[PDB]
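This is what each chain is made of:
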Protein chains: 2
Amino acid sequence: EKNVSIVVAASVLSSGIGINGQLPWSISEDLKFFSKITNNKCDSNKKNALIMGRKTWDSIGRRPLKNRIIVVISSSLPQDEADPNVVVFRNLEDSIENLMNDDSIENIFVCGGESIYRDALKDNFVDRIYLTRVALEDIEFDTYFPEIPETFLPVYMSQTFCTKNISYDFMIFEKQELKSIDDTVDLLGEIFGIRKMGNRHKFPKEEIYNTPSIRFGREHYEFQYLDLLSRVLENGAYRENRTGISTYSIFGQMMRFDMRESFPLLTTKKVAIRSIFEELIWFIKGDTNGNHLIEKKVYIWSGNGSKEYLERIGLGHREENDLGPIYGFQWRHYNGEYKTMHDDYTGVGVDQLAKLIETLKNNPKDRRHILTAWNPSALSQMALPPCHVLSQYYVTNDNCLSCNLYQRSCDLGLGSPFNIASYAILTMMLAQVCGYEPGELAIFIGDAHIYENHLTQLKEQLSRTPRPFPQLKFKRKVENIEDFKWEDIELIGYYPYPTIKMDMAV
Amino acid sequence: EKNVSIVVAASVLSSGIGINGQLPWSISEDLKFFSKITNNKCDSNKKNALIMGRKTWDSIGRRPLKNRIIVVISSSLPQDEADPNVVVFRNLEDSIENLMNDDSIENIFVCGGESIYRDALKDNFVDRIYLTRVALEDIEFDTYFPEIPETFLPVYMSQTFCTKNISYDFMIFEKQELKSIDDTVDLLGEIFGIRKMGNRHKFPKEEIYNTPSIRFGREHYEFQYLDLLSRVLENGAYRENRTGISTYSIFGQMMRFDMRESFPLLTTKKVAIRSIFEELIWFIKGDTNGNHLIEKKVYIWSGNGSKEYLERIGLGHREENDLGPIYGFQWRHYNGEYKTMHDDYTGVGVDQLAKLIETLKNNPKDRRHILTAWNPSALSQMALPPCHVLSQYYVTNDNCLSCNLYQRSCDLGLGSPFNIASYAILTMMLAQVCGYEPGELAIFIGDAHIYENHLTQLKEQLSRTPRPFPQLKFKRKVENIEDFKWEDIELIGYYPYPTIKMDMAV
Ligand SMILES: NC(=O)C1=CN([C@@H]2O[C@H](COP(=O)(O)OP(=O)(O)OC[C@H]3O[C@@H](n4cnc5c(N)ncnc54)[C@H](OP(=O)(O)O)[C@@H]3O)[C@@H](O)[C@H]2O)C=CC1
Ligand SMILES: NC(=O)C1=CN([C@@H]2O[C@H](COP(=O)(O)OP(=O)(O)OC[C@H]3O[C@@H](n4cnc5c(N)ncnc54)[C@H](OP(=O)(O)O)[C@@H]3O)[C@@H](O)[C@H]2O)C=CC1
Ligand SMILES: CN(Cc1cnc2nc(N)nc(N)c2n1)c1ccc(C(=O)N[C@@H](CCC(=O)O)C(=O)O)cc1
Ligand SMILES: CN(Cc1cnc2nc(N)nc(N)c2n1)c1ccc(C(=O)N[C@@H](CCC(=O)O)C(=O)O)cc1
Ligand SMILES: COc1ccc(CC(=O)O)c(NC(=O)c2ccc(Cc3c[nH]c4nc(N)[nH]c(=O)c34)cc2)c1
Ligand SMILES: COc1ccc(CC(=O)O)c(NC(=O)c2ccc(Cc3c[nH]c4nc(N)[nH]c(=O)c34)cc2)c1
Ligand SMILES: O=c1[nH]c(=O)n([C@H]2C[C@H](O)[C@@H](COP(=O)(O)O)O2)cc1F
Ligand SMILES: O=c1[nH]c(=O)n([C@H]2C[C@H](O)[C@@H](COP(=O)(O)O)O2)cc1F
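Residues numbered from 1 in each chain as written, not as in the entry; some residues may be left out. Chains lettered and ligands numbered in written order. Heavy atoms only, no water. Residues with missing side-chain atoms left out of burial classes, pairs and counts.

As stated in the entry header, the method of structure determination is X-ray crystallography and the reported resolution is 2.689 Å.

### Description of the pattern of salt bridges
The tally for this structure, following the rule as stated, stands at 48 salt bridges over all chains. A salt bridge links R128 of chain A to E174 of chain A; its shortest N-O distance comes to 2.4 Å. Taken together, the positions of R128 of chain A in strand β7 (residues 128-134) and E174 of chain A in strand β11 (residues 166-175) put the pair 46 residues apart, joining distant regions of the chain. When the shortest N-O distance is used, the salt bridge between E440 of chain A and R256 of chain A registers 3.9 Å. Taken together, the residues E440 of chain A in strand β17 (residues 437-451) and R256 of chain A in strand β13 (residues 247-258) connect sequence positions 184 residues apart. We classify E440 of chain A as buried; its relative accessible area is 13%. Taken together, the salt bridges that share partners define one network made up of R200 of chain A together with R256, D258 and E440 of chain B. (Salt bridge = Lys/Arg side-chain N within 4 Å of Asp/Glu carboxyl O. Helix = DSSP H or I, 4+ residues; strand = E, 2+ residues; numbered from the N terminus. Buried < 20%, exposed > 50% of the residue type's maximum accessible area, 1.4 Å probe, protein only.)

### Quick notes on the domain arrangement of chain A
All names here are of chain A. The domain architecture assigned to chain A consists of domain 1 (1-176), domain 2 (177-222) and domain 3 (223-506). Averaged C-alpha coordinates put domain 2 and domain 3 at centres separated by 31 Å. Residue-level contacts link 16 residues of domain 2 with 25 residues of domain 3. Of the roughly 1,700 Å² buried at the junction of domain 2 and domain 3 (both faces included), carbon and sulfur atoms supply 55%. Taken together, the links from domain 2 to domain 3 amount to one salt bridge. Between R218 and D227 there is a salt bridge; the shortest N-O distance is 2.8 Å. Viewed at the interface, domain 3 and domain 2 are joined by 15 residue pairs in polar contact. For the side of domain 2 that touches domain 3, the residue count by class is six nonpolar, four polar and six charged. (Domains from an automatic or database assignment. Contact = heavy atoms within 4.5 Å. Buried area = accessible area lost by both parts, 1.4 Å probe. Polar contact = N/O pair within 3.5 Å; in protein donor to acceptor, adjacent residues only side chain to side chain. Nonpolar A, V, L, I, M, F, W, Y, C, P; charged D, E, K, R; others polar.)

### Structural notes on the site of ligand 4
All names here are of chain B. The full set close to ligand 4 counts 15 residues, and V7, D30, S35, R68 and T132 are the nearest of them. Between an oxygen atom of ligand 4 and a side-chain N or O atom of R68, the distance comes to 2.6 Å. A distance of 3.2 Å separates a nitrogen atom of ligand 4 from a polar side-chain atom of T132. Protein chains bury 76% of the 700 Å² of accessible surface belonging to ligand 4 in isolation. Residue assignment for the shell around ligand 4 shows that the elements contributing at least two residues are β1 (4-11) and α1 (28-39). For the shell around ligand 4, the element with the most residues is α1, which contributes four residues. Partitioned by chemical class, the residues of the shell around ligand 4 number 10 nonpolar, three polar and two charged. (Near = heavy atom within 4 Å. Areas by Shrake-Rupley, 256 points an atom, 1.4 Å probe, with all protein chains shown as cover.)

### Focus: the side chain of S262 of chain B
Relative to the elements of secondary structure, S262 of chain B occurs in the loop between β13 (247-258) and α8 (273-284). Not counting the four nearest positions on each side in its chain, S262 of chain B is found in contact with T160, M428, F469, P470 and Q471 of chain B.

### Observations concerning the sheet that holds strand β14 (residues 370-372) of chain A
All names here are of chain A. With respect to topology, six strands assemble into an open sheet ordered β12-β13-β17-β16-β15-β14, the strand pairing being mixed. Lying at the two open borders of the sheet, with one neighbouring strand each, are β12 (237-239) and β14. Within this sheet the neighbouring strands show an average axis-to-axis angle of 20°, counted without direction. Pairing geometry for β13 and β17, over 11 bridges, is antiparallel. Note that in β17 the partner of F257 across the bridge is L441. Across the sheet, helix α12 (residues 415-434) lies against β13, β15 (388-395), β16 (400-411) and β17, angled at about 155° from β16, the strand it touches most. (Pairing = 2+ DSSP bridges. Axes fitted to C-alpha atoms, helices over the stretch in contact; angles between N-to-C directions.)

### Some points on the relation of the copies chain A and chain B
For the match of chain A to chain B, the screw axis carries a shift of 0.0 Å, the RMSD comes to 0.0 Å, and the turn is 180°. Expressed as a symmetry operation, the mapping of one chain copy onto the other fits a two-fold axis. Both copies contact each other with a shared surface, as 100% of the interface residues of chain A are interface residues in chain B too. (Least-squares fit on C-alpha atoms.)

### Focus: unusual backbone geometry
Residue and element names in this part refer to chain A. Its identity as a non-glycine residue notwithstanding, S15 has a phi of 60°, on the positive side. Tracing the sequence through the fold places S15 in the loop between β1 (4-11) and β2 (16-18). Of note, the phi angle at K297 is positive, near 60°, even though the residue is not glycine.

### Some thoughts on the environment of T247 of chain B
Note that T247 of chain B resides in strand β13. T247 of chain B has contacts with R367 of chain A together with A237, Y238, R239, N241, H449, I450 and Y451 of chain B, leaving out every residue within four places of it along the chain.

### Considering the state of the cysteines
All names here are of chain A. Going through the model one piece at a time under the given rule, you end up with zero disulfides over all chains. As a non-bridged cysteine, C387 has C410 as the owner of its nearest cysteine sulfur, 8.7 Å distant. Lacking any disulfide linkage, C400 is separated from the closest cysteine sulfur, that of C434, by 13 Å. Exposure remark for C400: the relative accessible area of 5% places this residue in the buried category. (Disulfide = S-S within 2.5 Å.)

### Comments concerning helix α11 (residues 352-362) of chain B
All names here are of chain B. Within α11, the full set of buried residues consists of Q352, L353, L356, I357 and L360. Down the axis of α11, the buried set is contained in an arc of 130°. They therefore lie on one face. For α11, the exposed residues set more than 90 degrees away from the buried face come down to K355 and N362. A distance of 3.5 Å separates the backbone nitrogen of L353 from a side-chain oxygen at the start of α11, and that oxygen is part of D351. (Arc of directions from axis to C-beta.)

### As for a negative patch on the surface
Residues and elements named next belong to chain A. Together, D94, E97, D102 and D103 make up a region of like negative charge exposed at the surface. Summarising the element assignment, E97 is placed in the loop between α3 (92-95) and β6 (105-110). Residue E97 is classed as partly exposed on the basis of its relative accessible area of 39%. (Patch = residues over 30% accessible without salt bridge, like charges linked within 9 Å, V, L, I, M, F, W, Y side chains within 5 Å. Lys, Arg positive; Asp, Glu negative; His and termini not counted. Charge placed at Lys NZ, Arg CZ, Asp CG, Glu CD.)

### A closer look at the site of ligand 1
Residue and element names in this part refer to chain A. Surveying the vicinity of ligand 1 reveals 26 residues, the closest of which are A9, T56, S74, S75 and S115. Within the backbone of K55, a nitrogen or oxygen atom sits 3.3 Å from an oxygen atom of ligand 1. Out of a free accessible area of 920 Å², ligand 1 has 78% covered by protein chains. Elements that contribute at least two residues to the shell around ligand 1 include exactly β1, β2, α2 (54-59) and α4 (114-122). The element that contributes the greatest number of residues to the shell around ligand 1 is α4, accounting for five residues. Per-class residue counts for the shell around ligand 1 are nine nonpolar, 12 polar and five charged.

Set out below in structure tokens:
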């Protein structure tokens, strides 16, 4: 009685694993994973057995695998005894003889094609499933991985990796069949109420926790956002704000995202990446004209730039969509005397973005690569004070550019997915202009809140198991950061869940 | 064969537990802890046995404890059979009969005085130790808790609590006698090098981890600082900076501290709390004159305000200790035209601190309680750009004031302990002036680094097991935040380890 595990690499949506007798992709790291996961053993005097179908045995050149014993399922192959590393059985049930005897076999792995996978799950022989999810769907398949039965639950999901602009994940599925520290903390939590800080940061309940079966393997960095939703639903205080829509709010959170091997664009919901870019380049250019975004069919600033809203906050003198000195006016003309959105501000104010790029490549290890937008002298003129307030940038020893961002107020339903992708793109732009690679992205949040009209929507989003992040590459190398265009961005391998409509609070 | 645990409340340094036949303190929550920890059982048809000495039996009024059986050790007490909840034995060894039989007893607890504690550890009967560390030392004791033998290791340390301005902790000591997820992560860490973000955030080794035996019970919030040191020693990249002293640096960290039940003043090192306050009130008053701190025997700004340093950074025109527009000049006179440190700036610039206090009590649930010091128009005039760059404040539903702080660069050896206590005091000041209680303190750090001449010192600090945080209360209620004085601060229960000398990099 030992362990039996399935090893498979399937596509993310349709679970395709083969085409025309070979693999539909070439990922080197996945083959290394297959080697290390099938060679992983505890006894040096024992070997592992790899069960595979005959057609898979043909696709690997009919040659043995080092340090392992291959078990081929076939009705026609001669049961040869010359090769001790290759044995042939007539059916999958009889091949389960590494259990009954052969104590020199420690672990059993199922690697065969669709027929072997389907018959191993149907006859209930499989204990574990090692799945490599590949982000390739618009190609042709003829061999698929069968649907994972409900008796299996995921326990691990790795971060997204990249090979030749292809995103892929690693997951583990398991078949579902000291207390002294926990008890003491509970007793202290009964004596002290909310005086114990742990009771103010309660672990989210299972009903609001995305994919609860993954407890110790929440490596995929989309959980950094999803678990933040769960933490708010668990501890968020019902509070009113300047809008008529109340929120559930907590204070002091953070999220980490990798940018070396993937692009942190949420997969549990279709995110409007084009509107995100158009807003970012609108900041970079130094523009505060709200019409330029509406002319490009981007209406994210329409609510905070209407005639009724502007007059309500005391800016009735302002033109229709003139938002005032905001992001991109403190970036390029900090402390500049603002008149209207039509005047020429070239030369006035401090150009932080220019000096930032200049300092990033002339003094990389400097500890002052800071871009700020909080200007107390201009807040009264702003249609909306800065939410993403201050950002800092960091050049690693291996020439990577990381970014920290502090956000005073975070609309988790709408603003947060935009802010994650926006500053991810901006860090990539700064990396190309300064000659670096993307690093890490950390976002530190003040008032993290959820609007009460987003509860049904965000709970729906929490029911969706995350998918591997896509890749985002630039088609050309620009000479100035202001020259970026939407056509220069290529989004590779983005297969999200359907979009979720949520209303913005004005 | 069942479990035997010691329950004791001893002082932090001398381990005193009694005086004149009674306790040297009155902590209600500790008695509730004794009740819940000794009533904690799994079988409802069983009881717990509490072994105690005769003098302890006298101190509790010689009356039984609800739902439990008291075992008194005495050579003279009559072995009475009338009371089934109280039994008398002639020695501690014979009292260990709840093991040999009496299957109606589930757990055994040792609660007696010094004689019972010493004989229970000497004869090696104890499996677990529940210790309440009380921060009271300058009083008289006549009964002590014996030294914990080396066969025990701590596994849990709770946050610091407060009762009648007395700090206390809860600790658990233990006697020292799935893998599939860990193996897969290791294999992925061998295939991918530093492309896997987990390998850039390696868990600190045991040799640089403060109190390594506490794995799952690192609740004491001083670990938020100590573990940050360990994380830097493990992953810090050797980098040069504007000073001649290189650092080991990582990017993107955070620390949480409670301020409701304690004051986050580090105990693993004696921190100059007086210099911290004098610097904070120096900021609040709006002062930039470096001599006013030197006149009060505070020399933390002497290095960055010398004639040699000022001329080296291009400010030779400046007077000796004129630091320029820095903290407290952006706080009270933001965007004000700076001349010298002797001019009158009353009325010029934006007074953020005044408007902050005004907004905190007139609109508490506002999401814009922000105090910033990063002024790109004044950086060239500063002797040193702001390290603690921006802070945000938050009023909870139960009228508590929390604080978030973003710090671009963090000297973990010198600056970090000052910044933790400084903004903790400032949050308490703002709470009293606005009529709130202290809440939580979160510090988000950009470039967290350790100077290479602090390696020997900080490793010494990591060898010291933390002690409960002290309490800090104000002696009077001021009418203006500028009226605070050092005599108004009372530091209760601060018993730190000896101070550690570290040189500042100029
Ligand atoms: N992405 C991945 O992880 C993997 C992908 N693949 C891909 O899958 C494709 C091939 O797999 P697939 O088409 O499903 O073929 P298989 O690998 O499943 O092999 C099928 C053969 O196994 C024998 N066999 C299967 N079931 C039985 C049975 N119940 N009794 C007796 N013999 C049986 C038969 O051989 P016979 O006719 O001799 O009797 C059959 O022709 C290839 O493209 C390959 O690259 C393969 C492995 C892994
Ligand atoms: N902080 C805390 O958690 C606790 C503190 N305390 C404090 O400790 C103080 C009292 O404790 P303490 O002074 O040490 O006295 P003890 O509680 O240890 O009781 C001592 C008595 O137990 C009997 N005894 C002890 N050892 C033996 C033995 N080897 N054989 C036979 N009988 C024995 C003797 O009784 P006899 O003379 O009859 O033979 C002895 O006089 C009090 O102030 C009390 O409040 C007590 C419990 C807990
Ligand atoms: C066609 N095929 C089946 C195949 C391909 N990819 C997979 N990918 C996964 N995740 N799981 C599988 N079961 C799997 N099976 C192959 C192809 C090559 C090797 C192979 O050469 N393995 C070497 C490793 C080669 C190398 O180190 O790159 C080994 O030591 O096991 C095995 C199976
Ligand atoms: C004098 N004494 C010994 C005493 C006092 N403090 C301690 N504190 C600790 N942490 N551990 C001990 N073993 C301990 N022992 C006492 C005093 C009162 C009670 C007592 O009344 N216990 C009640 C609880 C009373 C209440 O709920 O506050 C119970 O239900 O057990 C027990 C022991
Ligand atoms: C979830 O799926 C979708 C689908 C479609 C869209 C619109 C589109 O992409 O065209 C969206 N995104 C938005 O609607 C949106 C609107 C405003 C911003 C910034 C912003 C300014 N002012 C704010 N005030 C508050 N309260 N909150 C905010 O978020 C902002 C960010 C996003 C999301
Ligand atoms: C560890 O035990 C002790 C014992 C005694 C003292 C002195 C005293 O308390 O009198 C200290 N504290 C300091 O020496 C000190 C010096 C400067 C600051 C702020 C500061 C400005 N500019 C900076 N530049 C760099 N690099 N680092 C910084 O930390 C600062 C903070 C602390 C620490
Ligand atoms: O980039 C943004 N991110 C964001 O989260 N908001 C949300 C936060 C809040 O819900 C609202 C305005 O915050 P406040 O009402 O405190 O000014 O806009 C707005 C942005 F522009
Ligand atoms: O409050 C402070 N906290 C702090 O950590 N430093 C340290 C950080 C760094 O070691 C040095 C200056 O940072 P930089 O050289 O990047 O300007 O001062 C200084 C302070 F005043």
